[PDB]
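Engineer: One file: input.pdb (PDB, N, CA and C atoms).
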```
MODEL        1
ATOM      1  N   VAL A 413      25.853  16.676   0.042
ATOM      2  CA  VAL A 413      26.420  15.540  -0.672
ATOM      3  C   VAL A 413      27.643  16.004  -1.448
ATOM      4  N   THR A 414      28.751  15.284  -1.295
ATOM      5  CA  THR A 414      29.970  15.521  -2.055
ATOM      6  C   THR A 414      30.168  14.357  -3.015
ATOM      7  N   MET A 415      30.250  14.671  -4.307
ATOM      8  CA  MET A 415      30.298  13.667  -5.363
ATOM      9  C   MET A 415      31.720  13.133  -5.522
ATOM     10  N   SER A 416      31.950  12.361  -6.584
ATOM     11  CA  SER A 416      33.186  11.613  -6.736
ATOM     12  C   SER A 416      33.903  11.969  -8.035
ATOM     13  N   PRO A 417      35.234  11.829  -8.061
ATOM     14  CA  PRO A 417      35.972  12.076  -9.308
ATOM     15  C   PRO A 417      35.540  11.179 -10.451
ATOM     16  N   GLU A 418      35.163   9.932 -10.164
ATOM     17  CA  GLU A 418      34.660   9.062 -11.221
ATOM     18  C   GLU A 418      33.399   9.640 -11.845
ATOM     19  N   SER A 419      32.486  10.151 -11.017
ATOM     20  CA  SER A 419      31.277  10.771 -11.544
ATOM     21  C   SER A 419      31.600  12.026 -12.347
ATOM     22  N   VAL A 420      32.503  12.870 -11.838
ATOM     23  CA  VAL A 420      32.782  14.118 -12.542
ATOM     24  C   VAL A 420      33.536  13.872 -13.844
ATOM     25  N   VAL A 421      34.271  12.767 -13.953
ATOM     26  CA  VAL A 421      34.964  12.470 -15.202
ATOM     27  C   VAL A 421      34.087  11.665 -16.159
ATOM     28  N   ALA A 422      33.083  10.949 -15.647
ATOM     29  CA  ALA A 422      32.143  10.256 -16.517
ATOM     30  C   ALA A 422      31.019  11.161 -16.996
ATOM     31  N   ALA A 423      30.823  12.313 -16.352
ATOM     32  CA  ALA A 423      29.818  13.258 -16.830
ATOM     33  C   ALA A 423      30.138  13.732 -18.241
ATOM     34  N   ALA A 424      31.404  14.031 -18.511
ATOM     35  CA  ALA A 424      31.823  14.393 -19.856
ATOM     36  C   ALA A 424      31.911  13.151 -20.733
ATOM     37  N   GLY A 425      31.732  13.352 -22.035
ATOM     38  CA  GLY A 425      31.791  12.267 -22.995
ATOM     39  C   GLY A 425      33.208  11.807 -23.255
ATOM     40  N   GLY A 426      33.446  11.337 -24.477
ATOM     41  CA  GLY A 426      34.761  10.904 -24.888
ATOM     42  C   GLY A 426      35.098   9.465 -24.567
ATOM     43  N   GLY A 427      34.224   8.751 -23.863
ATOM     44  CA  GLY A 427      34.472   7.344 -23.604
ATOM     45  C   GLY A 427      34.449   6.538 -24.890
ATOM     46  N   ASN A 428      35.290   5.509 -24.941
ATOM     47  CA  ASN A 428      35.413   4.686 -26.136
ATOM     48  C   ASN A 428      34.200   3.764 -26.252
ATOM     49  N   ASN A 429      34.237   2.858 -27.225
ATOM     50  CA  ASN A 429      33.091   2.003 -27.500
ATOM     51  C   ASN A 429      32.812   1.067 -26.331
ATOM     52  N   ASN A 430      31.525   0.915 -26.012
ATOM     53  CA  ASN A 430      31.053   0.001 -24.971
ATOM     54  C   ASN A 430      31.648   0.330 -23.604
ATOM     55  N   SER A 431      31.978   1.598 -23.376
ATOM     56  CA  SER A 431      32.429   2.060 -22.073
ATOM     57  C   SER A 431      31.302   2.648 -21.239
ATOM     58  N   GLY A 432      30.100   2.742 -21.789
ATOM     59  CA  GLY A 432      28.967   3.300 -21.058
ATOM     60  C   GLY A 432      28.852   4.804 -21.057
ATOM     61  N   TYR A 433      29.951   5.509 -20.791
ATOM     62  CA  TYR A 433      29.955   6.966 -20.764
ATOM     63  C   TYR A 433      30.431   7.563 -22.084
ATOM     64  N   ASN A 434      30.133   6.895 -23.201
ATOM     65  CA  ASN A 434      30.475   7.443 -24.509
ATOM     66  C   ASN A 434      29.774   8.776 -24.742
ATOM     67  N   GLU A 435      28.505   8.864 -24.373
ATOM     68  CA  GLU A 435      27.754  10.107 -24.412
ATOM     69  C   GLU A 435      27.843  10.818 -23.070
ATOM     70  N   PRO A 436      27.642  12.136 -23.048
ATOM     71  CA  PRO A 436      27.631  12.852 -21.767
ATOM     72  C   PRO A 436      26.530  12.331 -20.855
ATOM     73  N   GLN A 437      26.820  12.309 -19.557
ATOM     74  CA  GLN A 437      25.925  11.740 -18.563
ATOM     75  C   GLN A 437      25.276  12.833 -17.724
ATOM     76  N   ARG A 438      24.038  12.575 -17.307
ATOM     77  CA  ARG A 438      23.272  13.482 -16.465
ATOM     78  C   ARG A 438      22.780  12.727 -15.240
ATOM     79  N   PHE A 439      22.749  13.412 -14.099
ATOM     80  CA  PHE A 439      22.409  12.790 -12.830
ATOM     81  C   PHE A 439      21.359  13.613 -12.099
ATOM     82  N   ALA A 440      20.578  12.930 -11.265
ATOM     83  CA  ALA A 440      19.575  13.562 -10.423
ATOM     84  C   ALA A 440      19.618  12.935  -9.037
ATOM     85  N   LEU A 441      19.166  13.696  -8.045
ATOM     86  CA  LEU A 441      19.174  13.266  -6.653
ATOM     87  C   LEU A 441      17.744  13.130  -6.152
ATOM     88  N   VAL A 442      17.449  12.002  -5.507
ATOM     89  CA  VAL A 442      16.120  11.709  -4.985
ATOM     90  C   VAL A 442      16.244  11.331  -3.515
ATOM     91  N   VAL A 443      15.312  11.823  -2.698
ATOM     92  CA  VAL A 443      15.303  11.573  -1.262
ATOM     93  C   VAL A 443      13.926  11.065  -0.855
ATOM     94  N   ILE A 444      13.906   9.992  -0.067
ATOM     95  CA  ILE A 444      12.679   9.361   0.401
ATOM     96  C   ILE A 444      12.727   9.282   1.921
ATOM     97  N   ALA A 445      11.594   9.548   2.567
ATOM     98  CA  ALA A 445      11.489   9.492   4.017
ATOM     99  C   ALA A 445      10.294   8.638   4.412
ATOM    100  N   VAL A 446      10.439   7.891   5.503
ATOM    101  CA  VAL A 446       9.382   7.038   6.033
ATOM    102  C   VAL A 446       8.951   7.599   7.381
ATOM    103  N   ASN A 447       7.646   7.795   7.551
ATOM    104  CA  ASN A 447       7.112   8.480   8.719
ATOM    105  C   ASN A 447       5.947   7.700   9.311
ATOM    106  N   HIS A 448       5.676   7.974  10.584
ATOM    107  CA  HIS A 448       4.558   7.387  11.305
ATOM    108  C   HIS A 448       3.318   8.267  11.174
ATOM    109  N   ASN A 449       2.159   7.664  11.432
ATOM    110  CA  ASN A 449       0.905   8.403  11.429
ATOM    111  C   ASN A 449      -0.133   7.611  12.210
ATOM    112  N   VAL A 450      -1.210   8.298  12.584
ATOM    113  CA  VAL A 450      -2.284   7.723  13.387
ATOM    114  C   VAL A 450      -3.592   7.866  12.620
ATOM    115  N   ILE A 451      -4.352   6.776  12.543
ATOM    116  CA  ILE A 451      -5.633   6.738  11.849
ATOM    117  C   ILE A 451      -6.713   6.383  12.862
ATOM    118  N   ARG A 452      -7.825   7.110  12.822
ATOM    119  CA  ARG A 452      -8.937   6.899  13.738
ATOM    120  C   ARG A 452     -10.137   6.356  12.974
ATOM    121  N   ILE A 453     -10.729   5.283  13.490
ATOM    122  CA  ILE A 453     -11.917   4.670  12.911
ATOM    123  C   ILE A 453     -13.050   4.813  13.918
ATOM    124  N   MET A 454     -14.126   5.481  13.511
ATOM    125  CA  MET A 454     -15.268   5.697  14.386
ATOM    126  C   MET A 454     -16.473   6.107  13.552
ATOM    127  N   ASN A 455     -17.654   5.659  13.980
ATOM    128  CA  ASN A 455     -18.925   6.009  13.340
ATOM    129  C   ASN A 455     -18.916   5.669  11.851
ATOM    130  N   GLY A 456     -18.306   4.538  11.513
ATOM    131  CA  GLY A 456     -18.248   4.114  10.123
ATOM    132  C   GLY A 456     -17.493   5.066   9.222
ATOM    133  N   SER A 457     -16.354   5.571   9.685
ATOM    134  CA  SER A 457     -15.579   6.537   8.917
ATOM    135  C   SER A 457     -14.130   6.474   9.372
ATOM    136  N   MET A 458     -13.254   7.062   8.563
ATOM    137  CA  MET A 458     -11.828   7.098   8.846
ATOM    138  C   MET A 458     -11.299   8.507   8.626
ATOM    139  N   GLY A 459     -10.170   8.795   9.257
ATOM    140  CA  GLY A 459      -9.535  10.090   9.101
ATOM    141  C   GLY A 459      -8.285  10.158   9.948
ATOM    142  N   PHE A 460      -7.531  11.238   9.745
ATOM    143  CA  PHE A 460      -6.319  11.472  10.511
ATOM    144  C   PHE A 460      -6.606  12.505  11.585
ATOM    145  N   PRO A 461      -6.670  12.123  12.864
ATOM    146  CA  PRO A 461      -6.906  13.125  13.914
ATOM    147  C   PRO A 461      -5.778  14.126  14.059
ATOM    148  N   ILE A 462      -4.580  13.807  13.574
ATOM    149  CA  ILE A 462      -3.426  14.681  13.743
ATOM    150  C   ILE A 462      -3.131  15.511  12.496
ATOM    151  N   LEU A 463      -3.538  15.049  11.316
ATOM    152  CA  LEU A 463      -3.289  15.744  10.052
ATOM    153  C   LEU A 463      -1.810  16.070   9.862
TER     154      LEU A 463
ATOM    155  N   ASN B 309     -35.089 -47.245   6.056
ATOM    156  CA  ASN B 309     -34.291 -47.480   4.859
ATOM    157  C   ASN B 309     -32.826 -47.230   5.203
ATOM    158  N   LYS B 310     -32.008 -47.024   4.171
ATOM    159  CA  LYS B 310     -30.590 -46.746   4.363
ATOM    160  C   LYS B 310     -30.395 -45.400   5.050
ATOM    161  N   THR B 311     -29.196 -45.156   5.570
ATOM    162  CA  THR B 311     -28.895 -43.937   6.307
ATOM    163  C   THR B 311     -28.792 -42.755   5.349
ATOM    164  N   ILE B 312     -29.373 -41.625   5.750
ATOM    165  CA  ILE B 312     -29.300 -40.411   4.947
ATOM    166  C   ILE B 312     -28.334 -39.424   5.594
ATOM    167  N   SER B 313     -27.542 -38.761   4.756
ATOM    168  CA  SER B 313     -26.547 -37.803   5.208
ATOM    169  C   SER B 313     -27.227 -36.571   5.790
ATOM    170  N   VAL B 314     -26.613 -36.025   6.841
ATOM    171  CA  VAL B 314     -27.168 -34.857   7.511
ATOM    172  C   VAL B 314     -27.032 -33.635   6.612
ATOM    173  N   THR B 315     -28.090 -32.834   6.554
ATOM    174  CA  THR B 315     -28.127 -31.614   5.750
ATOM    175  C   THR B 315     -27.845 -30.441   6.686
ATOM    176  N   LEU B 316     -26.636 -29.890   6.583
ATOM    177  CA  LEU B 316     -26.240 -28.754   7.406
ATOM    178  C   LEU B 316     -27.128 -27.550   7.119
ATOM    179  N   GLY B 317     -27.858 -27.089   8.131
ATOM    180  CA  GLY B 317     -28.783 -25.987   7.955
ATOM    181  C   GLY B 317     -28.140 -24.622   8.085
ATOM    182  N   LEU B 318     -26.930 -24.471   7.549
ATOM    183  CA  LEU B 318     -26.243 -23.185   7.573
ATOM    184  C   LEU B 318     -27.020 -22.173   6.741
ATOM    185  N   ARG B 319     -27.424 -21.122   7.338
ATOM    186  CA  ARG B 319     -28.223 -20.022   6.819
ATOM    187  C   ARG B 319     -27.426 -18.728   6.743
ATOM    188  N   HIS B 320     -26.912 -18.248   7.880
ATOM    189  CA  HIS B 320     -26.221 -16.967   7.967
ATOM    190  C   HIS B 320     -26.930 -15.911   7.132
ATOM    191  N   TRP B 321     -26.209 -15.335   6.168
ATOM    192  CA  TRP B 321     -26.787 -14.437   5.170
ATOM    193  C   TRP B 321     -27.569 -13.299   5.821
ATOM    194  N   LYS B 322     -27.042 -12.785   6.932
ATOM    195  CA  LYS B 322     -27.636 -11.611   7.556
ATOM    196  C   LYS B 322     -27.440 -10.354   6.722
ATOM    197  N   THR B 323     -26.593 -10.414   5.698
ATOM    198  CA  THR B 323     -26.272  -9.292   4.809
ATOM    199  C   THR B 323     -25.682  -8.182   5.688
ATOM    200  N   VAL B 324     -25.733  -6.931   5.233
ATOM    201  CA  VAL B 324     -25.164  -5.816   5.978
ATOM    202  C   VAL B 324     -25.726  -4.532   5.389
ATOM    203  N   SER B 325     -26.244  -3.489   6.208
ATOM    204  CA  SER B 325     -26.697  -2.200   5.691
ATOM    205  C   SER B 325     -25.531  -1.454   5.037
ATOM    206  N   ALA B 326     -24.897  -2.132   4.078
ATOM    207  CA  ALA B 326     -23.816  -1.510   3.322
ATOM    208  C   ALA B 326     -24.327  -0.328   2.514
ATOM    209  N   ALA B 327     -25.500  -0.466   1.915
ATOM    210  CA  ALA B 327     -26.100   0.636   1.183
ATOM    211  C   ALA B 327     -26.595   1.688   2.167
ATOM    212  N   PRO B 328     -26.119   2.924   2.083
ATOM    213  CA  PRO B 328     -26.587   3.969   2.991
ATOM    214  C   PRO B 328     -28.021   4.357   2.678
ATOM    215  N   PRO B 329     -28.721   5.021   3.623
ATOM    216  CA  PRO B 329     -30.154   5.309   3.437
ATOM    217  C   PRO B 329     -30.510   5.944   2.098
ATOM    218  N   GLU B 330     -29.981   7.130   1.807
ATOM    219  CA  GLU B 330     -30.084   7.675   0.460
ATOM    220  C   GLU B 330     -28.796   7.509  -0.334
ATOM    221  N   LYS B 331     -27.714   8.144   0.107
ATOM    222  CA  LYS B 331     -26.350   7.836  -0.285
ATOM    223  C   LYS B 331     -25.469   8.018   0.943
ATOM    224  N   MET B 332     -26.000   8.736   1.943
ATOM    225  CA  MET B 332     -25.223   9.035   3.178
ATOM    226  C   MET B 332     -23.784   9.376   2.779
ATOM    227  N   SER B 333     -23.627  10.265   1.796
ATOM    228  CA  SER B 333     -22.282  10.673   1.396
ATOM    229  C   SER B 333     -21.838  11.881   2.220
ATOM    230  N   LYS B 334     -21.866  11.700   3.541
ATOM    231  CA  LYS B 334     -21.566  12.792   4.462
ATOM    232  C   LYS B 334     -20.988  12.191   5.740
ATOM    233  N   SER B 335     -19.672  12.309   5.898
ATOM    234  CA  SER B 335     -18.980  12.018   7.153
ATOM    235  C   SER B 335     -18.013  13.177   7.368
ATOM    236  N   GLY B 336     -18.489  14.223   8.038
ATOM    237  CA  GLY B 336     -17.770  15.479   8.145
ATOM    238  C   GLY B 336     -16.996  15.572   9.450
ATOM    239  N   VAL B 337     -15.683  15.754   9.320
ATOM    240  CA  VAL B 337     -14.788  16.006  10.441
ATOM    241  C   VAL B 337     -13.752  17.024   9.976
ATOM    242  N   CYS B 338     -13.212  17.782  10.927
ATOM    243  CA  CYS B 338     -12.319  18.888  10.619
ATOM    244  C   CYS B 338     -10.921  18.633  11.164
ATOM    245  N   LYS B 339      -9.936  19.233  10.499
ATOM    246  CA  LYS B 339      -8.564  19.218  10.984
ATOM    247  C   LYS B 339      -8.497  19.818  12.387
ATOM    248  N   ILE B 340      -7.794  19.128  13.284
ATOM    249  CA  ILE B 340      -7.855  19.481  14.700
ATOM    250  C   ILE B 340      -6.483  19.805  15.280
ATOM    251  N   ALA B 341      -5.465  19.021  14.929
ATOM    252  CA  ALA B 341      -4.211  19.084  15.665
ATOM    253  C   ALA B 341      -3.264  20.107  15.054
ATOM    254  N   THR B 342      -3.794  21.303  14.789
ATOM    255  CA  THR B 342      -3.026  22.433  14.269
ATOM    256  C   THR B 342      -2.099  22.024  13.131
ATOM    257  N   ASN B 343      -2.587  21.168  12.244
ATOM    258  CA  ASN B 343      -1.822  20.648  11.108
ATOM    259  C   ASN B 343      -0.520  20.031  11.627
ATOM    260  N   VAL B 344       0.511  20.001  10.791
ATOM    261  CA  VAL B 344       1.848  19.568  11.174
ATOM    262  C   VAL B 344       2.809  20.611  10.615
ATOM    263  N   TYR B 345       4.043  20.659  11.130
ATOM    264  CA  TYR B 345       4.960  21.763  10.733
ATOM    265  C   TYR B 345       4.309  23.039  11.269
ATOM    266  N   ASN B 346       4.270  23.191  12.595
ATOM    267  CA  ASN B 346       3.552  24.295  13.226
ATOM    268  C   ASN B 346       4.118  25.674  12.897
ATOM    269  N   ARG B 347       5.193  25.758  12.111
ATOM    270  CA  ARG B 347       5.721  27.022  11.604
ATOM    271  C   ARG B 347       6.250  27.925  12.714
ATOM    272  N   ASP B 348       6.585  29.182  12.383
ATOM    273  CA  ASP B 348       7.251  30.101  13.360
ATOM    274  C   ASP B 348       6.305  30.762  14.372
ATOM    275  N   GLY B 349       6.795  31.781  15.103
ATOM    276  CA  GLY B 349       6.004  32.463  16.156
ATOM    277  C   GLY B 349       5.540  33.857  15.763
ATOM    278  N   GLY B 350       5.623  34.850  16.670
ATOM    279  CA  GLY B 350       5.065  36.147  16.331
ATOM    280  C   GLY B 350       5.756  36.834  15.172
ATOM    281  N   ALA B 351       7.015  36.482  14.905
ATOM    282  CA  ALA B 351       7.783  37.042  13.790
ATOM    283  C   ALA B 351       7.871  38.565  13.873
ATOM    284  N   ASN B 352       7.996  39.082  15.106
ATOM    285  CA  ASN B 352       8.222  40.485  15.464
ATOM    286  C   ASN B 352       7.508  41.461  14.532
ATOM    287  N   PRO B 353       6.173  41.520  14.568
ATOM    288  CA  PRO B 353       5.467  42.428  13.642
ATOM    289  C   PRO B 353       5.756  43.898  13.897
ATOM    290  N   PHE B 354       5.556  44.369  15.130
ATOM    291  CA  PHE B 354       5.829  45.750  15.518
ATOM    292  C   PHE B 354       5.046  46.753  14.675
ATOM    293  N   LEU B 355       5.443  48.021  14.737
ATOM    294  CA  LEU B 355       4.804  49.090  13.985
ATOM    295  C   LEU B 355       5.875  49.962  13.347
ATOM    296  N   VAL B 356       5.488  50.664  12.282
ATOM    297  CA  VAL B 356       6.422  51.442  11.479
ATOM    298  C   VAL B 356       6.079  52.924  11.458
ATOM    299  N   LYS B 357       5.052  53.351  12.192
ATOM    300  CA  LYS B 357       4.737  54.772  12.271
ATOM    301  C   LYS B 357       5.947  55.542  12.781
ATOM    302  N   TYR B 358       6.310  56.612  12.078
ATOM    303  CA  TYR B 358       7.502  57.370  12.444
ATOM    304  C   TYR B 358       7.224  58.124  13.737
ATOM    305  N   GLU B 359       7.700  57.568  14.850
ATOM    306  CA  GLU B 359       7.455  58.176  16.156
ATOM    307  C   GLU B 359       7.925  59.625  16.267
TER     308      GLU B 359
ENDMDL
END
```
Go through the file and emit its structure as structure tokens.
Structural biologist:
Amino acid sequence: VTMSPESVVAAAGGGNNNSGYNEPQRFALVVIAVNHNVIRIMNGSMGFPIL
Amino acid sequence: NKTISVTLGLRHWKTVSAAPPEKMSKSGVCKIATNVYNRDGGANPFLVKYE
């Protein structure tokens, strides 16, 4: 990931009143993935045959 | 006399052996499909004895 000049200049403080970035800003990165799976129902029980 | 409304003899109520015999807290199955992320191979172990 390559960030942006707006982000790198808003990270530092010095913003005037009601500018949002008056205080120094901190950022974090989050990644989510969606995957398939198989569930087996037998003998009154459940489990993942593939794990 | 006057006509009487039919009384639907719906009974059903077969219930269900939902309660296990004692607690039947045992449905044992094991991981089978070599987990996931099968990882690397022999990773060249070799030997280090000074020939």
Engineer: Find the spatial neighbours of range 329-339 of chain B, counting only N, CA and C atoms, within a cut-off of 8 Å - ignore same-chain residues fewer than 2 positions away - and output them as a PyMOL selection string.
Structural biologist: (chain A and resi 455-458+460-463) or (chain B and resi 325-327+341-343)
Engineer: Run DSSP on the backbone and give me the residues of range 415-457 of chain A it puts in alpha helix (DSSP H), as a ChimeraX atom specification.
Structural biologist: /A:417-423
Engineer: Where's the centre, and what are the edge lengths in Å to one decimal, of a box along x, y and z enclosing all listed atoms of range 312-325 of chain B padded 5 Å per side, as lines of an AutoDock Vina configuration file?
Structural biologist:
```
center_x = -27.3
center_y = -21.5
center_z = 6.4
size_x = 14.2
size_y = 50.2
size_z = 13.4
```
Engineer: Would you mind writing down, as an MDAnalysis selection string, each residue of chain A that DSSP on the backbone assigns to strand (DSSP E or B)?
Structural biologist: chainID A and resid 452:453 458:459
Engineer: Residues of the last selection are to be written out with N, CA and C atoms, as a PDB file, keeping the file's coordinate frame.
Structural biologist:
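Final file, out-v4.pdb:
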```
ATOM      1  N   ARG A 452      -7.825   7.110  12.822  1.00  0.00           N
ATOM      2  CA  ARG A 452      -8.937   6.899  13.738  1.00  0.00           C
ATOM      3  C   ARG A 452     -10.137   6.356  12.974  1.00  0.00           C
ATOM      4  N   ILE A 453     -10.729   5.283  13.490  1.00  0.00           N
ATOM      5  CA  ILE A 453     -11.917   4.670  12.911  1.00  0.00           C
ATOM      6  C   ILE A 453     -13.050   4.813  13.918  1.00  0.00           C
ATOM      7  N   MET A 458     -13.254   7.062   8.563  1.00  0.00           N
ATOM      8  CA  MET A 458     -11.828   7.098   8.846  1.00  0.00           C
ATOM      9  C   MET A 458     -11.299   8.507   8.626  1.00  0.00           C
ATOM     10  N   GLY A 459     -10.170   8.795   9.257  1.00  0.00           N
ATOM     11  CA  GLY A 459      -9.535  10.090   9.101  1.00  0.00           C
ATOM     12  C   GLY A 459      -8.285  10.158   9.948  1.00  0.00           C
TER      13      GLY A 459
END
```
Engineer: Do you have the CA of residue 328 in chain B-CA of residue 454 in chain A distance handy?
Structural biologist: 16.2 Å
Engineer: Between atom C of residue 323 in chain B and atom N of residue 453 in chain A, what is the distance, to one decimal in Å?
Structural biologist: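 Calculated distance between atom C of residue 323 in chain B and atom N of residue 453 in chain A is 21.6 Å.
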Engineer: Between B:316, B:310, B:321, B:345, which one has atoms that come closest to chain A, using only C-alpha atoms?
Structural biologist: B:345
Engineer: Here's a test: counting only C-alpha atoms, identify every protein, DNA and RNA residue with an atom at most 12 Å from (5.2, 9.2, 9.5) in the file's coordinate frame, and state them as an MDAnalysis selection string.
Structural biologist: (chainID A and resid 444:451 460 462:463) or (chainID B and resid 344)
Engineer: Can you turn the PyMOL selection byres ((chain A and resi 435-438) around 6) into a concrete residue list for this file, as a list in words?
Structural biologist: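 Output from the PyMOL selection byres ((chain A and resi 435-438) around 6), applied to this file: residues 422, 423, 424, 425, 426, 427, 432, 433, 434, 439 and 440 of chain A.
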Engineer: Counting all atoms listed in the file, which of B:312, B:318, B:324, B:340 gets nearest to chain A?
Structural biologist: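 Smallest distance to chain A is found for B:340.
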Engineer: Considering only C-alpha atoms, can you say which of A:459, A:414, A:419, A:430 comes closest to chain B?
Structural biologist: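 Ranked by minimum distance to chain B, first place goes to A:459.
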